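Here we start with a single chain on its own, the form deposited in one PDB entry, put down as structure tokens.
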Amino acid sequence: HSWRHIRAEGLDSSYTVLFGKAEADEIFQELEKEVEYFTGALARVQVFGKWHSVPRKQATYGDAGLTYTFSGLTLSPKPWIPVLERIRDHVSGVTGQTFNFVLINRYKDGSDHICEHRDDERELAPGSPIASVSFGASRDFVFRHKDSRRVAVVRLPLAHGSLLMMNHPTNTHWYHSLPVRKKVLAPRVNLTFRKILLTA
């Protein structure tokens, strides 16, 4: 059971394949059944002064009593469901890391995507990581650095059943997108777990 450690100036990440085809497939199907995404008005964001709707499908889940601002739109996460607990318990029992909140993204195909984002936030616990889990289609994850100087970009194929671990830094211009890959045709579900403040 092996890990890859990702390092560049300001960057610390740890990719691994947590799940074999045995359960990752079983879980993927159980996710498609049960996960309820946001629709219409709740699936919208304000970026650069306009409202758009997300080129994907989103959901939030978590412990009771929390709120999460996502790009100028604040909701309360839906209570946990048996499959999300089932996963979280596995991640936690392996990473020794607890989480109260997860943000779920379904991408129907290679043009369903997400845009460059800094985790720069004070909504996360003081020193705590972010666990990114993926199921379905293998898709590229991208890290870009803000600058002024020329240091490279970190591309990463996130496979069916794989865990990516990222540390939250308090001072980093590392942005993360998951760009369009037109050639991809299968669906992809992606759950990033977080530890949220309860102050909200």
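In this text, residue numbers run from 1 along the sequence as written. Take the two forms, find the largest set of C-alpha atoms that superpose within 1.5 Å, and that set is the rigid core.
J.: Which of the two stretches, 30 to 38 or 54 to 62, shows the higher mean Cα temperature factor in the record?
T.: Looking at the record's C-alpha B-factors, the answer is 30 to 38.
J.: Which is higher in the entry, the mean Cα B factor of 183 to 191 or that of 5 to 13?
T.: Averaging CA B-factors over each stretch, the winner is 5 to 13.
J.: Taking the entry's C-alpha B-factors for this chain, is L18 in the lowest, middle or highest third?
T.: For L18, whose C-alpha B-factor we compare with every modelled residue in the chain, the answer is the middle third.
J.: Please place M166 in the lowest, middle or highest third of its chain according to the CA B-factor in the PDB entry.
T.: It belongs to the middle third of the chain when residues are ordered by C-alpha B-factor.
J.: Compared with the other modelled residues in the chain, in which third is the CA B-factor of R150?
T.: Top third by C-alpha B-factor.
J.: If you rank every modelled residue in this chain by C-alpha B factor, which third holds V83: lowest, middle or highest?
T.: Within its chain, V83 is a middle-third residue by C-alpha B-factor, going by the deposited values.
J.: Divide the modelled residues of the chain into thirds by Cα B-factor and specify which third, lowest, middle or highest, holds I104.
T.: CA B-factor rank for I104: lowest third.
Form deposited in another entry: not shown, discussed below.
J.: State which of the options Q29, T170, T39, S138 undergoes a Cα shift of 2 Å or more between the shown form and the other one, taking the core as fixed.
T.: Comparing the C-alpha positions, the one residue that moves 2 Å or more is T170.
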